[PDB]
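In what follows, a single structure is set out as structure tokens and then discussed.
Basis: the model, the stated rules and, where named, an outside source; none is laboratory data. Heads up, the Cβs are rebuilt from the backbone with ideal geometry, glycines too, and the neighbour counts pull from every protein chain shown.
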Amino acid sequence: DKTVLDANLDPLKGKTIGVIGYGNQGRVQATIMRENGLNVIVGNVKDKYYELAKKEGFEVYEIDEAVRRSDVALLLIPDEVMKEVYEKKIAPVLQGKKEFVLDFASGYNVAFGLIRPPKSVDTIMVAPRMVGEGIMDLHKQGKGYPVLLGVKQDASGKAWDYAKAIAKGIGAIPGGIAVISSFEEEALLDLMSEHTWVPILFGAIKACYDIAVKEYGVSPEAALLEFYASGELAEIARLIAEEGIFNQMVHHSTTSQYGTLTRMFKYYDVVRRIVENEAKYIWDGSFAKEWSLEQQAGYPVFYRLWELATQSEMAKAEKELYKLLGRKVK
Amino acid sequence: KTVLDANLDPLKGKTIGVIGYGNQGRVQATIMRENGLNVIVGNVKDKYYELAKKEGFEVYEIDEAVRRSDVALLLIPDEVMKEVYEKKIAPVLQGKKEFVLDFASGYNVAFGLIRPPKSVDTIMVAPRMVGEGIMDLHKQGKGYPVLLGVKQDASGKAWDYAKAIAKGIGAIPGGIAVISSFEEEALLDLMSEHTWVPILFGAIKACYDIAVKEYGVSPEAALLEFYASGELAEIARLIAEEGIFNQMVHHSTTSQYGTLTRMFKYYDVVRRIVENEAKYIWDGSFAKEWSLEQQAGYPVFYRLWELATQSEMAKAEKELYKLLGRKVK
Amino acid sequence: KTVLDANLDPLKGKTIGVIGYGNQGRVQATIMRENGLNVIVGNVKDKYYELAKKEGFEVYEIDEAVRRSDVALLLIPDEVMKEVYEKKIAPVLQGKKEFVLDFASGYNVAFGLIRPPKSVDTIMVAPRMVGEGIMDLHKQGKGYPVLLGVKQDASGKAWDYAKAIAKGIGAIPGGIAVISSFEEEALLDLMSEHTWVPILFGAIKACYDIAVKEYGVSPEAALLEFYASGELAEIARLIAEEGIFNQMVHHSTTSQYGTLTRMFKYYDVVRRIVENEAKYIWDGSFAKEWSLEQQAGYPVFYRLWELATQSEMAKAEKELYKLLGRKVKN
Amino acid sequence: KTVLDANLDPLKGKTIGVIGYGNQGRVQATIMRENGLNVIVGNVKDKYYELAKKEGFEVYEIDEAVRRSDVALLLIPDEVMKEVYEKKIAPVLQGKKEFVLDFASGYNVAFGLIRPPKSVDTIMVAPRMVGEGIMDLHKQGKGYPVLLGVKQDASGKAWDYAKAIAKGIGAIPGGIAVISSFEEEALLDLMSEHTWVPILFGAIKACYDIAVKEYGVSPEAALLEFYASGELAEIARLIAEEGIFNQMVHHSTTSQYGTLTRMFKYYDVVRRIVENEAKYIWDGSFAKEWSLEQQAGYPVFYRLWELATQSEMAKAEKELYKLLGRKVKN
Ligand SMILES: NC(=O)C1=CN([C@@H]2O[C@H](COP(=O)(O)OP(=O)(O)OC[C@H]3O[C@@H](n4cnc5c(N)ncnc54)[C@H](OP(=O)(O)O)[C@@H]3O)[C@@H](O)[C@H]2O)C=CC1
Ligand SMILES: NC(=O)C1=CN([C@@H]2O[C@H](COP(=O)(O)OP(=O)(O)OC[C@H]3O[C@@H](n4cnc5c(N)ncnc54)[C@H](OP(=O)(O)O)[C@@H]3O)[C@@H](O)[C@H]2O)C=CC1
Ligand SMILES: NC(=O)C1=CN([C@@H]2O[C@H](COP(=O)(O)OP(=O)(O)OC[C@H]3O[C@@H](n4cnc5c(N)ncnc54)[C@H](OP(=O)(O)O)[C@@H]3O)[C@@H](O)[C@H]2O)C=CC1
Ligand SMILES: NC(=O)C1=CN([C@@H]2O[C@H](COP(=O)(O)OP(=O)(O)OC[C@H]3O[C@@H](n4cnc5c(N)ncnc54)[C@H](OP(=O)(O)O)[C@@H]3O)[C@@H](O)[C@H]2O)C=CC1
Ligand SMILES: O=C(O)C1(C(=O)O)CC1
Ligand SMILES: O=C(O)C1(C(=O)O)CC1
Ligand SMILES: O=C(O)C1(C(=O)O)CC1
Ligand SMILES: O=C(O)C1(C(=O)O)CC1
Ligand SMILES: O=C(O)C1(C(=O)O)CC1
Ligand SMILES: O=C(O)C1(C(=O)O)CC1
Ligand SMILES: [Mg+2]
Ligand SMILES: [Mg+2]
Ligand SMILES: [Mg+2]
Ligand SMILES: [Mg+2]
Ligand SMILES: [Mg+2]
Ligand SMILES: [Mg+2]
Ligand SMILES: [Mg+2]
Ligand SMILES: [Mg+2]
């Protein structure tokens, strides 16, 4: 229903695009838009990334200089420090604008109300659902990739004619898929993966090791070679991506199939209660209050939990094994 | 403990017979063919025989391979090793005054489903690898890990065989080889297929069923974030080659902080899950669950593919790939 | 939705192979011979054969019969069908190019105990009827209900057969036919024999064990009120004729008020009894319970008669029938 | 294990910069000037300066002092050390090639609130003493205990400094010095101010609130038995001289038996109180609780003073001291 695959590039012919940020994002969406023939500029603080970006012909300006030069901008800076740069530099300028847009990449700072643009402005979202550099490994092929789209304010009548038209210029369409969503759904799916099935994976290996070694008499050097020092995860995911999450398992054996399914439906009702509680804790914005306060205090907890992980009983006896193998490692 | 090398000299004058020619047969066979070792093959005559007839091997019947040789590698599955030991092979091994029997994975020994005689030496060589990449890793000359173990020894040299085998299947020198048992491997090679495999698939199934049903989300987008992307295919490449707690410097703090605060918040539940799942295996209460299913007709095994492959998630995933250009089943 | 009629020509010009001649075999058999149709009768040779040879039918052996015919009605139980498909029939069915295998109870398909090949059609025709009365009804001319379903179709005409068979077994036109699956066939045909059958027998056993041993009642009277009378037939005949909430006007309000006030007071308990009993069947965790019992020697099945048939209730029941003149136990 | 002595030459030939002149600054300061050592005294100028200029010391401003010297003893609280490192000092320390920063309480390091650079050594020297009695002890000649630790070393001599400092502050030889970390420094220094301090004050508050309001007791007597007398000091002086399980022979059996029978009856409850109170510190979930309070305006710390100082106990205590002649509240 909401599938979107093609859209014209005609609105932007005659409009300036101001890229913001030149991190490991800006070098991708800007370049794919440069060799697609659109007058585009760049804005950053001056560091190694400007000197790099000075070696590429880009018309780098200061930030507030670009955002009075241009017509639209792709605010490709992290979800951490977009608040300071909108509050301090940019937003006192946008009242000097009357026909303008502000294209975001991660809506953590909109759906939770941390930033509030005015009403004479259009806001949109263009989120690559892709690692970001693999795009450059793929865009040469002419095969695009998925994106996401959304709107907060449309005080110009043509928010969608911009958003649908942007994705055609960053190598996403025609050739891939473009999906229609909001910011409120953008931040949830972007967060619920970083809260629910990521740590519960790392939380099990930590407890399939702490049970195999300290209780059941197992060699530490072997316990890791079965969990996550082999090509299991490195190729379980490639198969899930290209075949089907419930269609790869014919490749494995029945002893691997039967034990999986009998225990997947046996624990669907105790990760449900983990996720329901972890989504209500985000839908209500009770995570921004947790993460926005940590930046004020000095990162006191974020500093400790690295020193428990990186000094535990697993990493200690893992760090030696890679020394006994010869990997590229700490 | 670790072994990193051992001479191939015990196995210059004895016959190796590999059984099975499947995902693992060709690779431990071919590598030992190019390493100067008179080796043979034994199987039923089928499509895997036919190319194996096109490869110069002495592909023979099973019990003829085992009156011929004194050593063999029984690379057949953990399911139907029992039928072939009780029926075809084991009545022969009484007629072998000395022999060695090299298993691959010890699901059929540590649980006592098979019991070789006492005039025999049992050993173990388990590739901890994907299986096919080993051949690409034989050409390179970079080996891979293995596991070793013993059930019964009546030669004083159960180890000089096992250590010396792994030198000849492209595992060492260049990789390592770790010392374990059958009892320890059938746990690690099962407790992965019980604990962190399903609880992964059990969360996506409930991070979707909560997003579409209760929170008003597009189905086509819910899949593009979880596991239809390039994400999952490279968070493993980094965990494998950098460190499970050292990839995270690449992500941002919004991705690091939410992870760690919730990993230590749930270590006391997946611990409580795995304790139950290990006691349900250490006591052999899984072989009784899996050996009975084979005897009934696979009745539960047949249903649970029919729920997974007809659920609310796969229905809308099976179509999104049609909107990308990938196959369907 | 609702089927009422279909042709009969898709089966004319073709042979039908009746398998089994039990208390259901003869019914669908004779009705199709009374309709003038070339049908054969495959069986093992016992008293049912010598009977079945006195009835004019042609008998061949099973693997000869299913070869001779074009479709067959495998009217053998759900218990020893697995042995006869595995041993005799199924090695023959690869020697055919179009064929059908008409089942009666799909307990042996939906649970995957049998798996027919790819070049074959599978269907279901379940008489939802007493079975014996159908002969008492074919001498009347009014049909009866059936059920229909498909497991696989490789002819494009899995339905023009199934819809057409039911007209030939005295079910339509005049009754109806309902469209379902095998997966729904076994559930409804099992949820009755798990949920409201035993809970009925489980209450009488506990309305007797409470009236005699705790409240001082004559045993000869406790049975005359529960189930020594035909009053249940006057609840069943009326429920079949009038309506399960319309047979109660015929009773009095003292019988209505106590019923309804307690039907809704316990709907929230038999719900939980049934939810557990349906999840224990949908997942196939009953075939594993019933297919193992056959393999052990029927050890539990043998005991539970000797508790029922030697209990406190049947003892004092078996004598009261001797004190009436009904069939005391053979 | 147990340190008892070390050299003093690694600091001779190098200046020492005393920061802070509080009730701890003067002590380690004067003892090092009494030992004939070139030391300076960096401070803000207040009554502690004018004092500190009357004592002969050289005062410079902070960023002038820490520039002048080679090492410094940052004897300022754990509360406003973050502001002075962030604002003044730390931008200077990149202009040095070898330096040391000797702390006193590692609440501001182990919780990551401060992060010194890579070209710097960090150490810990914690007086485990009242602090004022050290001057009463330096006029005696007997030293006292300390603690030692390291956060980073880039000289190979993080220990020949730390071991050597403690000899210069009247701690060794004659006392001892113990080897620990910052992470253990803050825990033991906090677990005492969380666990056995309040549970003491929490019992007297509930041995008074039960004796007066429920069991009919004179308020003027309930205090004279608990803590109006020096009997606590007669329990503390003896525990320091004799042994925490050897001060009890001096008491009677009625005082011995009731103690021990109830110490082991409640060891399994204060265990659970402390396990929760240590996991709430090891994870740094206290700095997030204390660093936020400073930002809001101290709203809770103002209230909980007004409940204690207006309670039912202090009211009738503040008058009894007026009825004795001790320091009634200022
Ligand atoms: N796994 C991941 O982390 C992935 C994230 N993404 C998204 O893709 C993009 C990632 O590109 P990446 O290159 O990783 O971004 P980086 O963080 O790598 O670079 C950030 C950019 O912002 C500038 N910058 C950083 N901090 C500040 C600051 N405090 N004040 C001002 N400017 C600052 C940087 O330096 P200068 O200004 O000198 O250039 C640079 O241009 C982001 O939008 C991210 O959300 C999507 C997929 C993968
Ligand atoms: N899954 C993996 O990647 C890993 C596998 N292993 C172990 O190695 C072995 C691999 O098993 P798998 O890869 O499944 O082998 P395959 O299923 O890949 O091939 C099966 C082989 O066994 C023969 N075979 C199959 N069924 C029968 C039977 N019923 N009777 C007789 N012969 C039969 C086949 O035909 P023919 O007889 O004509 O050859 C073929 O040679 C297992 O022991 C497994 O534990 C080790 C590490 C990981
Ligand atoms: N209970 C009912 O009223 C209902 C019945 N049905 C279905 O109709 C069928 C009725 O089965 P049922 O009534 O039990 O049949 P019967 O028990 O009435 O008669 C059994 C038939 O099967 C043959 N037979 C029995 N055991 C074997 C065996 N071990 N090997 C070979 N042949 C055997 C018998 O002998 P021979 O082969 O010599 O004839 C006879 O023909 C079932 O599928 C049931 O689900 C449908 C609706 C309700
Ligand atoms: N309190 C105790 O029971 C003991 C504490 N300690 C430890 O030793 C140190 C003692 O701290 P404390 O005794 O509280 O020091 P004091 O409170 O005794 O004196 C405070 C010192 O710091 C300076 N100062 C106070 N506030 C500020 C400020 N906001 N900005 C700049 N300078 C300031 C004061 O004025 P100026 O700068 O003008 O001198 C003075 O020199 C801490 O590290 C503590 O952990 C050691 C033993 C016992
Ligand atoms: O915000 C994040 O961390 C991303 C994710 O969805 O994983 C990259 C966008
Ligand atoms: O079938 C199994 O047991 C294997 C596993 O991955 O655990 C392949 C070896
Ligand atoms: O035996 C069975 O399964 C039947 C039932 O009534 O449930 C007769 C069909
Ligand atoms: O037998 C019945 O149904 C009666 C009732 O109304 O309770 C006694 C008449
Ligand atoms: O810093 C603290 O909190 C101290 C304590 O009372 O334990 C003074 C040392
Ligand atoms: O106050 C006490 O503890 C005494 C006792 O005998 O218990 C008087 C000494
Ligand atoms: Mg994210
Ligand atoms: Mg993610
Ligand atoms: Mg496995
Ligand atoms: Mg595995
Ligand atoms: Mg039934
Ligand atoms: Mg029924
Ligand atoms: Mg303290
Ligand atoms: Mg203290």
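Looking only at residues in segment D:107-131 that are under 17 Å from A:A297 (Cβ atoms) and not basic (K, R), the one that is surrounded by the fewest Cβ atoms within 10 Å (Cβ to Cβ) is D:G112. Only one entry in D:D63, D:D70, D:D9 is in contact with a helix residue (DSSP H, G or I) (Cβ under 6 Å, 6 or more places away or on another chain) and not hydroxyl-bearing (S, T, Y), namely D:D63.
Matching residues to (1) outside the structural domain of B:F111 (by CATH); (2) without any contact (Cβ under 8 Å) to a residue 60 or more places away in the chain; (3) buried (at least 22 other Cβ atoms within 10 Å of the Cβ):
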site	(1), (2), (3)
B:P145	no, yes, yes
B:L148	no, no, yes
B:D153	no, yes, no
B:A158	no, yes, no
B:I165	no, no, yes
B:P173	no, no, no
B:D189	yes, no, no
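Answer with yes or no whether B:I204 is within 16 Å of ligand 1 (Cβ to nearest atom), at the interface with chain A (Cβ under 7 Å from one of its Cβ atoms) and not in a loop (DSSP other than H, G, I, E, B). So B:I204 does not fit the description; no.
Listed by position, the helices (runs of 4 or more DSSP H) enclosed by segment A:234-330 that each have at least 1 residues that are away from chain D (no Cβ under 14 Å) are A:254-264, A:268-283, A:288-297, A:313-323. Does segment B:163-175 include one or more residues that are at the interface with chain A (Cβ under 7 Å from one of its Cβ atoms) and assigned to a loop (DSSP other than H, G, I, E, B)? Within segment B:163-175, none of the residues are at the interface with chain A (Cβ under 7 Å from one of its Cβ atoms) and assigned to a loop (DSSP other than H, G, I, E, B). In this structure, D:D189 qualifies as part of a helix (DSSP H, G or I) and within 16 Å of ligand 9 (Cβ to nearest atom).
The set of residues in segment D:80-100 being away from every other protein chain (no Cβ under 13 Å), under 23 Å from the mean Cα position of the chain (by Cα) and farther than 19 Å from D:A162 by Cα consists of D:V80, D:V84. Return yes when D:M248 is farther than 24 Å from D:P127 by Cα and either more than 16 Å from ligand 6 (Cβ to nearest atom) or of a type in the set (A, V, I, L, M, F, W, C) (or both) and no when it is not. Spelling it out, D:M248 is indeed farther than 24 Å from D:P127 by Cα and either more than 16 Å from ligand 6 (Cβ to nearest atom) or of a type in the set (A, V, I, L, M, F, W, C) (or both). Residues in segment C:293-330 that are of a type outside the set (F, W, Y) and surrounded by 14 or more Cβ atoms within 10 Å (Cβ to Cβ) were compared, and the one that is nearest to the chain's Cα centre (by Cα) is C:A314. B:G141 meets each of the listed conditions (1) on the phi > 0 side of the Ramachandran plot; (2) within 11 Å of chain A (Cβ to nearest Cβ) apart from (2). Annotation: of all residues in segment A:74-109 being within 14 Å of chain B (Cβ to nearest Cβ) and touching a residue at least 60 places away in the same chain (Cβ under 8 Å), the one that is nearest to A:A30 (Cα to Cα) is A:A105.
Out of curiosity, is D:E183 among the acidic types (D, E) and assigned to a loop (DSSP other than H, G, I, E, B)? Break it down stepwise before answering.
Working: among the acidic types (D, E): yes; assigned to a loop (DSSP other than H, G, I, E, B): no.
The answer is no for D:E183.
Here are some residues: C:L200, C:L148, C:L190, C:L137. Which one is away from ligand 2 (no atom under 16 Å from the Cβ) and either within 14 Å of chain B (Cβ to nearest Cβ) or among the hydroxyl-bearing types (S, T, Y) (or both)?
Numbers: C:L200 fails: either within 14 Å of chain B (Cβ to nearest Cβ) or among the hydroxyl-bearing types (S, T, Y) (or both); C:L148 fails: either within 14 Å of chain B (Cβ to nearest Cβ) or among the hydroxyl-bearing types (S, T, Y) (or both); C:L137 fails: either within 14 Å of chain B (Cβ to nearest Cβ) or among the hydroxyl-bearing types (S, T, Y) (or both).
Being away from ligand 2 (no atom under 16 Å from the Cβ) and either within 14 Å of chain B (Cβ to nearest Cβ) or among the hydroxyl-bearing types (S, T, Y) (or both) holds for just one of C:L200, C:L148, C:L190, C:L137, which is C:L190.
Scoring B:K118 on the criteria (1) within 30 Å of A:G326 (Cα to Cα); (2) over 25 Å from the mean Cα position of the chain (by Cα); (3) of a type in the set (K, R) leaves a single failure, condition (1).
A quick yes/no check of all residues on (1) more than 16 Å from ligand 1 (Cβ to nearest atom); (2) assigned by CATH to the domain that holds B:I199; (3) under 30 Å from A:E307 (Cβ atoms):
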site: B:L238; (1), (2), (3): no, yes, yes
site: B:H250; (1), (2), (3): no, yes, yes
site: B:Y267; (1), (2), (3): yes, yes, yes
site: B:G284; (1), (2), (3): yes, yes, no
site: B:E289; (1), (2), (3): yes, yes, no
site: B:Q294; (1), (2), (3): yes, yes, no
site: B:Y298; (1), (2), (3): yes, yes, no
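Of everything listed in (1) among the hydroxyl-bearing types (S, T, Y); (2) buried (at least 17 other Cβ atoms within 10 Å of the Cβ); (3) out of contact with any strand residue (DSSP E or B) (no Cβ under 7 Å at 6 or more places or on another chain), the single unmet condition for C:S192 is (2). Of B:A221, B:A228, all but one fail to be part of a helix (DSSP H, G or I) and facing chain A (nearest Cβ under 10 Å); the exception is B:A221.
Within segment B:116-143, the set of residues being of a type in the set (V, I, T), free of Cβ contacts under 8 Å to residues at least 40 places away in the same chain and not in a strand (DSSP E or B) comprises B:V120, B:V130.
Remark: pairs (first residue in segment B:223-251, of a type in the set (K, R); second residue more than 15 Å from ligand 11 (Cβ to nearest atom); Cβ separation under 8 Å; 6+ apart in sequence or on different chains) = B:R237/A:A234.
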